[PDB]
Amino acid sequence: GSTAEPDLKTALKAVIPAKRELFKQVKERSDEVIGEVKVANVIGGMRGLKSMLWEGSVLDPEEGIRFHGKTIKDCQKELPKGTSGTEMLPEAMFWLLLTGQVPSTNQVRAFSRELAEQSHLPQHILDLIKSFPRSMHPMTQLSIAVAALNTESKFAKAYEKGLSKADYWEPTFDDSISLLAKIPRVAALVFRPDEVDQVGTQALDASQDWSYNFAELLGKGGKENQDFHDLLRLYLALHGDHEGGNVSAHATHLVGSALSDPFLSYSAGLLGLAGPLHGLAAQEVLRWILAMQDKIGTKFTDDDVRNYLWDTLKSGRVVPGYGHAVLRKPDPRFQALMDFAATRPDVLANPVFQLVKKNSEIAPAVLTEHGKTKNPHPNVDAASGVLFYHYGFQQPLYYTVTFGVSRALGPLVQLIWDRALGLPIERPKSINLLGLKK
C-alpha cells in the first residue's frame, strides 16, 4: 500500500465540487447589479470595472495582494521551503493558488520531483531557438518558444480528437504542469544562446526544487550560490499572480477562453508581459538606476538624489518603479525584497542597491509634491532588477525573462479553473466614439 499524501491532481479533485457548488450559487444571482459603466471606463481601458473572475488572488487596493486571503508575510511563514534555504517555494505557491490549501513539505517535495522529470524539451524547440538572431529581444524569444511547445499539448490533441466539455480540465492541468516544468529550461536557453545543446538537454536533480534547478540551468548551481537560490525562490513566488486584470494574466485568460491550449494562451500572456507598460518596467527601472549612478556618482547625498528626482520630473519624464494602476499604498512585495537584502551584507554594500534604497526613501514625497503620479509608493519593480544585477545578471534586456517564468504560475491556475467551471468565451461589446457622442 502507498504511504504518500495526496498529489496535486488529487488535491485539486478534492476541491472542484465545492467550487462548482459556489459557482452554481453565484449564477443564481446572475441578474444582480454590482456596478455602473461610465464613458470613462470605455475610453479608459476598463479601469476600475469589475468584469472578470479570478480565484487565486485579490488585490486589496489598500493592503496589497492576498493569495486566498493570505498576505505575503503569511505565505512566507506557512509555505514549505527547499531542502536548503529559508525562502518560500514558488511550487508551494502554485499549490496554494490552485487548491486553496497550504501543502505539506512532503507534498511539495513530490511535486518538485514531477516538475524535474517533466522538464525535457522536444528537439525541434532547440532547433527553433538556434534560429533566433542575436538582435531578437529576449521576450520575443521566450514568447515564441512557449507557443512552439503547443506541439506537446494534450489539450489541443484531445480537443482535435473530440473531447467533451466536462472533460476539459484534466488535459488543461496536464499541459499547465508540462509548461511549468519546461519554462525555466526555455528561459535558460534565452539567457544562454551559446550553450543551447548543453542547457537544452542537461538532466535536472530530481530531488531539488524548481528554482534551484532553474539556477543550475542558468549556470548558478551549487552551495556557493545559495543566496541567489533564495532570491530566485522569493522572486518567483512573489510575481506568480497579481489578480486577473493585469495584461499578462488577462491575455492568457482571454486566449484560453477560445479553447486555445495553455501553451498558446500563456504565449499571449508573455507577449503582453513584453510591453513597456507591463513586464518591461523592471528592465527600465534598472537601466534608469544605472544611468542615475553614472550622473550623480557614488558619493551621493540625500540632496543629490532629491535634485536628480526633481530634474527627472521637471524634464517631463517618470521616475520608474513608483505608482500602480490599482494599489494605492506600499507594496508588500517591494518590502519583501528589501527585507531579503537586509540580511545579506554583500547586497547592502552594493552601491547600486544603496542607491535603490535611498531613492525609495526620498522619491515618494518628491512625487507627491509634484502631483502627477498617483499612488507614488515604490512597487516591486523598484527592487527586483538590482538584486538580479548584484548576482551577476547584468544584461540590460533579460530581466523580464525571469518575470515570464514566474508569471506562468497564476494564469495557468486560472486556466485550469476556467475549464473546470466551464466559463465561456470572453467576448465583450465595443462601441465607437460616434456612438458615445449619442
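Numbering starts at 1 and follows the sequence shown.
Look at the mean CA B-factor for 152 to 160 and for 133 to 141 in the entry; the higher one is 133 to 141. Looking at 202 to 210 and 88 to 96 together, the entry lists the larger mean B-factor for 202 to 210, computed on C-alpha atoms. Per the deposited coordinates, the residue with the largest Cα temperature factor out of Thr400, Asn375, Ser406, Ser384 is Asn375. Of the candidates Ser112, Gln118, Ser104, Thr298, the one whose C-alpha carries the top B factor in the deposited record is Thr298. In the PDB entry, a CA B factor belonging to the lowest third of its chain's modelled residues is recorded for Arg185. When the modelled residues of the chain are ordered by their C-alpha B factor, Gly44 lands in the highest third. In the deposited entry, the Cα temperature factor of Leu412 places it in the lowest third of its chain's modelled residues. In the PDB entry, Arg328 places in the highest third of its chain by CA B-factor. Per-chain ranking of the deposited C-alpha B factor places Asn359 in the middle third.
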